[PDB]
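Just one chain is shown here, as structure tokens, and it is the form deposited without 2-(SEC-butyl)thiazole (TZL).
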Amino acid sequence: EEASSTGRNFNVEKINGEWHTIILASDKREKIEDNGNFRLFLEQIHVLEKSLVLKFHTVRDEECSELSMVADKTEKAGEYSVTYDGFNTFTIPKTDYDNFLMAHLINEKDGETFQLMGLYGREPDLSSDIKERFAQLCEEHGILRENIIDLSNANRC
């Protein structure tokens, strides 16, 4: 079964655990390109009472650096906020818990904004059919495929 974090049947405990960044997408492509601050490789999600602890690593000159963030529940069910290179809010429009997790994030920095979408997998890659479903979700949010970057061949340290 599939769910959305904003849906009535969402079970947040089921997204706990191992995840990997498979694809990132954005309407400001520079944010997820090689030296972008949002080209983050997720490692795990730790579900707590009213927050999610997110563990990531970044890459620079073939060198991995760890980073943890705490995302807090907001007043809207299924939405979380976190401070990182500006103010971010995100939701999980679609997940099947056991294979994939699709997230939609809004960043706000210096009075501007951009959208980021991420496809995360329980393993270090996902099927091409799930990747296509993600491209369709990106299209529904006005993000062109040329702004979708598959990072499955670069998500391990």
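Note that residue numbering begins at 1 and tracks the sequence as displayed.
Missing here is the form deposited with 2-(SEC-butyl)thiazole (TZL) bound; even so, the following discussion is about that form.
**Student:** Backbone and C-beta atoms within 2.4 Å of 3 or more ligand atoms means blocked; with that in mind, superpose 2-(SEC-butyl)thiazole (TZL) from its pose in the deposited complex onto this chain and give open or blocked.
**Tutor:** Open: no clash with the backbone or C-beta atoms.
**Student:** Any of the heavy atoms of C64 lying within 4.5 Å of 2-(SEC-butyl)thiazole (TZL) in the deposited complex?
**Tutor:** No, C64 is distant from the partner.
**Student:** Even though 2-(SEC-butyl)thiazole (TZL) is not shown here, does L48 get within 4.5 Å of it in the deposited complex, heavy atoms only?
**Tutor:** No, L48 is distant from the partner.
**Student:** Verify the contact flag for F56: yes if a non-hydrogen atom of it lies within 4.5 Å of a non-hydrogen atom of 2-(SEC-butyl)thiazole (TZL) in the deposited complex, no if not.
**Tutor:** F56: contacts 2-(SEC-butyl)thiazole (TZL) in the deposited complex.
**Student:** Are any of the heavy atoms in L126 no more than 4.5 Å from a heavy atom of 2-(SEC-butyl)thiazole (TZL) in the deposited complex?
**Tutor:** Flag for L126 set to no.
**Student:** Along 66-87, which positions have a non-hydrogen atom within 4.5 Å of 2-(SEC-butyl)thiazole (TZL) in the deposited complex?
**Tutor:** Sequence-ordered list: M69, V82.
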